[PDB]
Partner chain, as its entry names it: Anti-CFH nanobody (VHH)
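First comes one chain, alone, set out as structure tokens in the form deposited without the partner chain.
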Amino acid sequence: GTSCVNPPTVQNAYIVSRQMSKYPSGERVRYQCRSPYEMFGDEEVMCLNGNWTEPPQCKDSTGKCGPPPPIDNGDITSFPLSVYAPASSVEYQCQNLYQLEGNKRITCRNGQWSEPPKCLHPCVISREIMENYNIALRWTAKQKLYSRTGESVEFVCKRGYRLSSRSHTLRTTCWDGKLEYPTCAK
């Protein structure tokens, strides 16, 4: 219960202590930054009862940033340079049906990018599940096969069924692929 695995990945650094698959509590992992990066924080990261202590960073001493980080199901809306001046910004776009969460723009400050956004998954609305659970969509308006993250999806029991005594509610919010279905019974 108190050993650790997977020492933190530190960009522009390598580990110079001996690597192993499981680190006992108390083991110290030592990082070194690649030239010409400057280290910030402690060069050693210890395993304390299953959690690592805080890792260092290896940054450009003039505050420049490297390429912006990739994000799942999204991409930047410009050519990715190898080097950005401090205060430069870039922006992201999510793929079709994905929902951007957080600021679409990131900025290079103090040698690191501000937090990029996420692209959250749409939810499948399964015909087969609905059939099996005796439910349908309340608004048969266009053929919505998917909901977007953040959208309410409302179902009804099919003609002649009522909500099963332990069912989820008939209205639920799609979130990052998660849709809770209700069930109805004769």
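By rigid core we mean the largest C-alpha set that fits within 1.5 Å across both forms. Positions refer to the first chain, counted from 1.
Although not depicted, the form deposited with the partner chain bound is the subject of the following passage.
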inquiry  = Although the partner isn't part of this model, could you tell me whether residue 144 comes within 4.5 Å of the partner chain in the entry with it bound, counting any heavy atom of the residue?
reply    = yes
key: Proximity of residue 138 to the partner chain in the entry with it bound, heavy atoms at 4.5 Å   = yes
message = I'd like to know whether residue 125 contacts the partner chain in the entry with it bound, with contact meaning heavy atoms within 4.5 angstroms.
response = yes
ask   = Would the partner chain in the entry with it bound be within 4.5 angstroms of a non-hydrogen atom of every residue among 130, 156 and 159?
value = yes
request  = For residue 70, decide whether the Cα shift between the shown form and the other one is 2 Å or greater, given a superposition on the rigid core.
outcome  = no
query = Cα of residue 178 displaced 2 Å or more between the shown form and the other one, core superposed?
reply = no
task = Tell me, please, whether between the shown form and the other one the C-alpha of residue 119 is shifted by 2 Å or more, with the rigid core used for superposition.
result = no
